[PDB]
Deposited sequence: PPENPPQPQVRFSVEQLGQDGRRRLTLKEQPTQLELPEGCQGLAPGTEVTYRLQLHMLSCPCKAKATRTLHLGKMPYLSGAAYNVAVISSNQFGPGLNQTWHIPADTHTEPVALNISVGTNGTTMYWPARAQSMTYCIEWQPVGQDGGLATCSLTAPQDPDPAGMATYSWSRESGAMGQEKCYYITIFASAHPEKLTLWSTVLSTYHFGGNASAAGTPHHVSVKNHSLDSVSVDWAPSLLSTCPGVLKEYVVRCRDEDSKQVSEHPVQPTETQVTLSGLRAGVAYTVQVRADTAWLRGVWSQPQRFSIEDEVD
């Protein structure tokens, strides 16, 4: 056994990182990519001296002797601040993610945060919007449960070559009927001044899933003039003050929680009037 120790770069802009090697005391290197288990080729034996550019996936690397030291290479992904257009519905689930060069093969991998699913796409080019896509039938139950999912996408122009995978992105998504499940609970109206009320609600279930919740919207309806006003609220805030109310007028308040791609279902309406 040789006393060689590995190093790894941080994930670069290309979604690659070089596994390097140094000797400080025949031998060969066995490389096993753990992420994306549904791929056909998962291991390769290499000469120690050539130092491949891995992806952000998890790897097992071992020095094997020919007459074993092993390192579990941690995952190192790239996280997108922009949420993906993932739509889960009655007939199936569909994804869109930023594509790169043409004839690219993508592997989509997800797991509920806190059932490892794997999907391998056929080679596809970017659409006129610069996006790649894939869809699943309802039978697949692809992110059909109302939970927060962690997703990682990989890309390769030669999926049969293990050392050519690159990381695309990682992201979070709330599955199932997120619009309905995200409805805020415990909406309450409290007397704040002679002409104003404070509206408070419990944080949406979407707020526990990173990056999913875009904003809250508070709708107030004047039951006499039938006029309607909407007030957007930062997702870090669960309180808003409604002002300019008229005495004797009845009012209705509802709250909804919106994602980047879905309008949320309104809460049960609250009826009130100035005391």
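Mapping the modelled residues onto the deposited sequence reveals missing stretches at 1-6, 32-49, 92-97, 145-148, 310-313.
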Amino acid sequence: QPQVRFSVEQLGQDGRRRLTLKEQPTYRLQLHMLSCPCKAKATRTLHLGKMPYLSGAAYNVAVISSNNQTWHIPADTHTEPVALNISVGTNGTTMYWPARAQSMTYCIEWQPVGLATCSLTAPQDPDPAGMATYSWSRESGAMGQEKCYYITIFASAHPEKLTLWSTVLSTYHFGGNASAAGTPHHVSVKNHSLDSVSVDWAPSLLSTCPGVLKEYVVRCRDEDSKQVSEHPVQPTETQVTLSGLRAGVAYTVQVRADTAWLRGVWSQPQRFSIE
From here on, numbers count along this sequence of modelled residues.
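Relative to its counterpart among 189-197 and 96-104, 96-104 has the higher mean temperature factor, C-alpha atoms as listed in the PDB entry. Once the C-alpha B-factors are averaged per stretch, 222-230 and 29-37 rank with 222-230 first. Within the listed group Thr43, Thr70, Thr238, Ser55, the record reports its top CA B-factor for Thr70. Ranked by C-alpha B-factor against the other modelled residues of its chain, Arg246 falls in the highest third. Looking at the C-alpha B-factors along this chain, the one for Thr20 belongs to the lowest third.
In the PDB entry, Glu109 places in the lowest third of its chain by CA B-factor.
In the PDB entry, a CA B factor belonging to the lowest third of its chain's modelled residues is recorded for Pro203. Ranked within its chain, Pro184 lands in the lowest third, by CA B factor from the PDB record.
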